[PDB]
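Q: Attaching a single structure in structure tokens format; questions to follow.
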2 protein chains.
Amino acid sequence: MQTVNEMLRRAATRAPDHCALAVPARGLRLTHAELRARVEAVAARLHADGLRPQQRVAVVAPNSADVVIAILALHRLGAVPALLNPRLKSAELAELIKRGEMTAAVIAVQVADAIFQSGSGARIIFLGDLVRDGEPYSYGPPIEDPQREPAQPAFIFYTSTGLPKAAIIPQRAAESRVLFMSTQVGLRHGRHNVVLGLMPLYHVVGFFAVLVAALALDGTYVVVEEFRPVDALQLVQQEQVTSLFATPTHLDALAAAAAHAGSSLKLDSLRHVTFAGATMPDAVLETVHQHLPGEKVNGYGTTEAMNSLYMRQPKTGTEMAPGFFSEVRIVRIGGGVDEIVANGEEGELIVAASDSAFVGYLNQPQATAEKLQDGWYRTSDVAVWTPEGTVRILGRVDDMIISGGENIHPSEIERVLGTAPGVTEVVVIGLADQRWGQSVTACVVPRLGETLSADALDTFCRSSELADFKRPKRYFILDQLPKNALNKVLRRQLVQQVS
Amino acid sequence: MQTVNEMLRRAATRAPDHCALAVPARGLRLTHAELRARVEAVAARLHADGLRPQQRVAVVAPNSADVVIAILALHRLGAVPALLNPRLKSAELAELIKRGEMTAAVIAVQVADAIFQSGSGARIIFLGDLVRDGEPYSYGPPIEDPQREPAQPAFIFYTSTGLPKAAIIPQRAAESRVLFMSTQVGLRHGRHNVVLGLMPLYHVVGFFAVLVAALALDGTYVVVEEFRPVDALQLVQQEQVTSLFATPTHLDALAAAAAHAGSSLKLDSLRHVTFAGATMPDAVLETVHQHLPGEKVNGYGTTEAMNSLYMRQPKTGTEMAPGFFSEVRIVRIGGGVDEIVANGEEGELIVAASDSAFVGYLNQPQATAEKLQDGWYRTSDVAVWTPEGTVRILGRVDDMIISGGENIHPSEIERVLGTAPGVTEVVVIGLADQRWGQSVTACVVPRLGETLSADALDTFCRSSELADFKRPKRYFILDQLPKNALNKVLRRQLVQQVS
Ligand SMILES: O=C(O)c1ccc(Cl)c(Cl)c1
Ligand SMILES: O=C(O)c1ccc(Cl)c(Cl)c1
């Protein structure tokens, strides 16, 4: 094995005086040497306050040099961090820590009350009581490196039917979760590496593939506390960013800035632009190609298994192929891992549960047994093999629509309607109905000020590429879609509100 | 873990119909699918002939598609191949198999008698009785994949005082022995990969970093049964070679051909030229830069621990720095791993005994305990830290010369004398003597036809860069140097022949 801790420590010894963390806004830099000292010291101080290996500690913070120190220090201690989205509802967070049977929670958010008053046995730690603006608050004797087993829990990330599940990431999962950035994305070891921390740390990509990779390759992690497209493009040039991994939205922002930015603005050093673009619309992709530099690679992955597919220089966003570490198959929906589909027939994408795999969801054994089957991980996504020997992601099995014996993916239809003039957003659901089973229904929201009509949206679709049966049978023009705390559509529920 | 077998199998499933092996001379190609079938079938047939996991089998063959199949098939079975240099003396090979307590030996060499008559309990298998020109001889039912433990032995390579020691390479060592080609050398996963098999398979680089890497990255291994510089340069262009790892001699041959080859001869696709160039003279290096394309990377490594240092685009051959997976130190010669030297003081290079490390020499526990110390591997090489924070390899501790309290590395002096006009080869030894301890002595061999004199070689050195004390105190002009079966100088013994 090489654990996270080990990866980062060996790095320290290879490049003590090279820059590890940079918060350019706060005019802060730490070398690898300096960043080890602060992990060490915080680690000791949390241990001095009585808090042992294998104990789960929650982390609720937005991206900052301070939380990076906090998380590493916990792992260095031996505590198993459970990283949580700070945009979750107070209620929700308080719940997951209660369920999580967690010894403490480091927070930088208040929402503190929602916890202190959750009835949870969870010692509430203010983040700024540990470290703040780099140098931390230290006492206790330098503690020892605890033994770590390959399958022992190491970190806990959250996914999402009901409340988000808690995926346990074993110690042995770190390496391939990092190195796929190198085998797939083309990063190599070296002090030239300057990685821009745009992806949140509470996400496996933001943590393993961005933070950890950047450090473990003896490079520099550039901290970003708040995303602004121009400021970011400025960081690239100013910081010598060599690679960045960004969400489809981030990219759209960046590509348009770069376009309305002539070359002002030398993005020369940017060599890799990486993204999980299964859901990236065709339009955005190509503004990314036209307007941003460096090699673009498209990746598909999951919290459970990390990276499963990719495309260098992608033409579309849906169509990818497995790289190093991965093994994949497409099996009949609801059926044995061994039931590979014909070719051209759609099915569930499933991927080998090797070393990068999680070990189960904390305290959800049915959930786990729904997902880890005979040493395979079940994506719950629907794919098909292209005659070109690649995998086309069609959409989530859960969102699939079954309309008189036929397979309809709301996402396809959402991508066409999304371009109809006048449409600010759309979700396509299957109304519990007839023709039969389910009738394809479009819920669309107009651009500020503007009118839509079902007639006009139908003619638009009629003029479009969609096969007969895919066309919506019905439209509801709404002035907003109900979403959860995480800007994401309450599908099951929208249905109640329209049927 | 990811074992060799697993790496190659997962590849098979990602790229069944892509080309794995190519013997262009014999006009032979196999896809990954085809290459699995033949590993499977041979594996079964050796198992059918009664031969179980963990049993050591010797392999004595020059590079060929057939031996690649043989070796993989043994590992797939579960047998632990011990790969041996075919240029070893009949006597010598017969010995190492006796010592090795080996159940069988696959040979393609005769020298067969030297074994059949060695008194060894070693079933002699002709290679051509198993597989020949691709398709093999098959019987038995398809056997099962045996369980493999991370520290379980997996392969056995040979190094070299007396007879070469047998380094056991555990199952868990495969991955980083492959992936350092990607973190250091910059190879990424992909069917574009075309790797030229110039390095022999009985060498860890030839096996892990060349064969296995090429396959495991879903690429193509180009078989080379015999090295000819022009033929090779032709293979590059013709084969679309993307990378090659070659010995300092191979390179010299290739660089001179490319130079006396205009561009005839488009070496466009060659992107990585890699070598262990610690001993590469300054002249050759730079003909490699002037005359060969693609990125040049210099590596230092050992059988015991694989890759420990490297330089992208190297200026000299002696000066390198640790990459991903490695941890290194320079400690006082003969002393505790914890005795780091001052800075600028010379010492023994030692490297962390992590996952890529061997587990010991087969049946040499003192030897092992001389080499694996408190979880470090001891290179027995002498290095120094440059003020530039890099490691300079000076030479082997064993060849070091101690001349009145001073450290002299024969290799430095050998590099200067090697350019003196009229010198075809030179070795510098320390005569057991005075001034004291040891007197620096040069043994040189003239160019065909030519004369040398000590006077003239002294004036040459006098005109050269060497510091006072390094100059040879004595010359012996010899018309050959005694070498072992492996074209390498019998240092200890030359001394007898001159003193
Ligand atoms: O959540 C995802 O989309 C995701 C998660 C992990 C990885 Cl590696 C990738 Cl490429 C994507
Ligand atoms: O034997 C060597 O020189 C050697 C052995 C292994 C490696 Cl990886 C390298 Cl870079 C060199």
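The chains in the structure tokens are called A, B, ... from first to last as shown; in each chain the residues are counted from 1, and the ligands are counted from 1 in the order shown.
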Residues within 6 Å of ligand 2 (only C-alpha atoms and all ligand atoms), as a list in words?

A: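 With only C-alpha atoms and all ligand atoms and a cut-off of 6 Å, ligand 2 is contacted by residues 205, 276, 299, 300, 301, 302, 303, 306 and 307 of chain B.
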
Q: Could you turn the residues from that selection into a file that holds N, CA, C and O atoms, as a PDB file, in the first residue's frame?

A:
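Okay, result12.pdb is ready:
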```
ATOM      1  N   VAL B 205      13.935  -4.096 -15.647  1.00  0.00           N
ATOM      2  CA  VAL B 205      13.473  -3.000 -16.500  1.00  0.00           C
ATOM      3  C   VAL B 205      12.868  -3.621 -17.723  1.00  0.00           C
ATOM      4  O   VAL B 205      11.770  -3.288 -18.118  1.00  0.00           O
ATOM      5  N   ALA B 276      19.149   4.012 -18.010  1.00  0.00           N
ATOM      6  CA  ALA B 276      19.902   4.105 -16.765  1.00  0.00           C
ATOM      7  C   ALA B 276      21.297   4.549 -17.152  1.00  0.00           C
ATOM      8  O   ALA B 276      22.148   3.710 -17.507  1.00  0.00           O
ATOM      9  N   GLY B 299      17.365   7.601 -15.627  1.00  0.00           N
ATOM     10  CA  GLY B 299      16.859   6.927 -14.449  1.00  0.00           C
ATOM     11  C   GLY B 299      17.962   6.172 -13.721  1.00  0.00           C
ATOM     12  O   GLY B 299      18.907   5.694 -14.338  1.00  0.00           O
ATOM     13  N   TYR B 300      17.846   6.074 -12.400  1.00  0.00           N
ATOM     14  CA  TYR B 300      18.683   5.214 -11.609  1.00  0.00           C
ATOM     15  C   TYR B 300      17.772   4.271 -10.837  1.00  0.00           C
ATOM     16  O   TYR B 300      16.721   4.692 -10.325  1.00  0.00           O
ATOM     17  N   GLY B 301      18.194   3.012 -10.725  1.00  0.00           N
ATOM     18  CA  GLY B 301      17.354   1.954 -10.196  1.00  0.00           C
ATOM     19  C   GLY B 301      18.172   0.721  -9.896  1.00  0.00           C
ATOM     20  O   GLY B 301      19.388   0.679 -10.094  1.00  0.00           O
ATOM     21  N   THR B 302      17.520  -0.302  -9.387  1.00  0.00           N
ATOM     22  CA  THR B 302      18.249  -1.465  -8.922  1.00  0.00           C
ATOM     23  C   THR B 302      17.226  -2.544  -9.051  1.00  0.00           C
ATOM     24  O   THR B 302      16.029  -2.255  -9.067  1.00  0.00           O
ATOM     25  N   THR B 303      17.690  -3.783  -9.111  1.00  0.00           N
ATOM     26  CA  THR B 303      16.828  -4.938  -9.044  1.00  0.00           C
ATOM     27  C   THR B 303      16.002  -4.976  -7.766  1.00  0.00           C
ATOM     28  O   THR B 303      14.774  -5.206  -7.824  1.00  0.00           O
ATOM     29  N   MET B 306      13.824  -1.269  -7.765  1.00  0.00           N
ATOM     30  CA  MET B 306      13.364  -0.642  -9.039  1.00  0.00           C
ATOM     31  C   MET B 306      13.780   0.834  -9.075  1.00  0.00           C
ATOM     32  O   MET B 306      14.959   1.127  -8.810  1.00  0.00           O
ATOM     33  N   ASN B 307      12.870   1.752  -9.361  1.00  0.00           N
ATOM     34  CA  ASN B 307      13.290   3.133  -9.643  1.00  0.00           C
ATOM     35  C   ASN B 307      13.480   4.064  -8.457  1.00  0.00           C
ATOM     36  O   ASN B 307      12.564   4.265  -7.681  1.00  0.00           O
TER      37      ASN B 307
END
```

Q: With DSSP run on the backbone, what are the alpha helix (DSSP H) residues within stretch 278-473 of chain A? I'd like them as a PyMOL selection string.

A: chain A and resi 282-291+365-371+410-417+454-462

Q: Determine, counting only C-alpha atoms, which protein, DNA and RNA residues have an atom within 7 Å of an atom of residue B:431; residues of the same chain fewer than 4 positions away are not included. Present the result as a list in words.

A: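 Once the adjacent positions are removed, what remains is residues 438, 439, 440, 441 and 495 of chain B.
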
Q: So that I can check the surroundings of stretch 81-90 of chain B, please list as a ChimeraX atom specification every protein, DNA and RNA residue that reaches within 10 Å of it, counting only C-alpha atoms and ignoring chain neighbours fewer than 4 positions away.

A: /B:54-63,70-75,94-97,100,102,104-115,118,153-159,166-169,200-204,207,484-487

Q: To one decimal place, how far is atom CA of residue A:381 from atom CA of residue A:347 in Å?

A: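 Here the two named atoms are 8.1 Å from each other.
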
Q: So which residues of stretch 109-336 of chain B fall under strand (DSSP E) by DSSP, listed as an MDAnalysis selection string?

A: chainID B and resid 123:126 153:158 166:170 194:197 220:223 243:245 272:275 295:302 306:312 319:320 328:331

Q: At a cut-off of 7 Å, which residues of chain A touch chain B? Count only C-alpha atoms and give the answer as a ChimeraX atom specification.

A: /A:1,10,13-14,182-184,186,188-189,217,322-324,327,355

Q: Using only C-alpha atoms and all ligand atoms for the distances, tell me which of A:391, A:246, A:432, A:454 is nearest to ligand 1.

A: A:246

Q: Within 7 Å of stretch 224-231 of chain B, counting only C-alpha atoms, which residues qualify if same-chain residues fewer than 5 places away don't, as a list in words?

A: residues 62, 63, 64, 197, 198, 253, 254 and 257 of chain B

Q: Identify, on the basis of only C-alpha atoms, every residue whose closest approach to residue A:402 does not exceed 8 Å; exclude the query and any residue fewer than 2 positions from it along the same chain; express the result as a PyMOL selection string.

A: chain A and resi 400+404-408+430+437-438

Q: Write a file of the just-selected residues containing N, CA and C atoms, as a PDB file, in the first residue's frame.

A:
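Written output follows (selection_7.pdb):
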```pdb
ATOM      1  N   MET A 400     -34.750   6.956 -15.731  1.00  0.00           N
ATOM      2  CA  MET A 400     -35.197   6.365 -17.000  1.00  0.00           C
ATOM      3  C   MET A 400     -36.710   6.417 -17.116  1.00  0.00           C
ATOM      4  N   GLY A 404     -44.555   2.791 -23.062  1.00  0.00           N
ATOM      5  CA  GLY A 404     -44.984   1.619 -23.826  1.00  0.00           C
ATOM      6  C   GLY A 404     -43.861   0.691 -24.268  1.00  0.00           C
ATOM      7  N   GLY A 405     -43.235  -0.020 -23.328  1.00  0.00           N
ATOM      8  CA  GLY A 405     -42.089  -0.907 -23.653  1.00  0.00           C
ATOM      9  C   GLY A 405     -40.727  -0.293 -24.060  1.00  0.00           C
ATOM     10  N   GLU A 406     -40.608   1.040 -24.065  1.00  0.00           N
ATOM     11  CA  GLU A 406     -39.457   1.721 -24.647  1.00  0.00           C
ATOM     12  C   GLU A 406     -38.629   2.471 -23.614  1.00  0.00           C
ATOM     13  N   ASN A 407     -37.324   2.562 -23.880  1.00  0.00           N
ATOM     14  CA  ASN A 407     -36.414   3.217 -22.975  1.00  0.00           C
ATOM     15  C   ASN A 407     -36.171   4.660 -23.361  1.00  0.00           C
ATOM     16  N   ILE A 408     -36.575   5.565 -22.482  1.00  0.00           N
ATOM     17  CA  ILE A 408     -36.402   6.991 -22.714  1.00  0.00           C
ATOM     18  C   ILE A 408     -35.599   7.651 -21.592  1.00  0.00           C
ATOM     19  N   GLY A 430     -41.365  11.113 -16.250  1.00  0.00           N
ATOM     20  CA  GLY A 430     -42.381  10.194 -16.733  1.00  0.00           C
ATOM     21  C   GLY A 430     -43.638  10.229 -15.871  1.00  0.00           C
ATOM     22  N   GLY A 437     -47.856   2.834 -18.815  1.00  0.00           N
ATOM     23  CA  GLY A 437     -46.803   2.819 -17.836  1.00  0.00           C
ATOM     24  C   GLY A 437     -46.534   4.270 -17.555  1.00  0.00           C
ATOM     25  N   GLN A 438     -45.953   4.947 -18.539  1.00  0.00           N
ATOM     26  CA  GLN A 438     -45.480   6.285 -18.311  1.00  0.00           C
ATOM     27  C   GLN A 438     -45.493   7.118 -19.556  1.00  0.00           C
TER      28      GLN A 438
END
```

Q: Using only C-alpha atoms, which residues sit within 10 Å of residue B:483 once same-chain residues fewer than 5 positions away are excluded, as a ChimeraX atom specification?

A: /B:488-491,493-494

Q: Report, in Å with one decimal, the straight-line distance from atom CA of residue A:375 to atom CA of residue A:101.

A: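 Distance reported for this atom pair: 27.4 Å.
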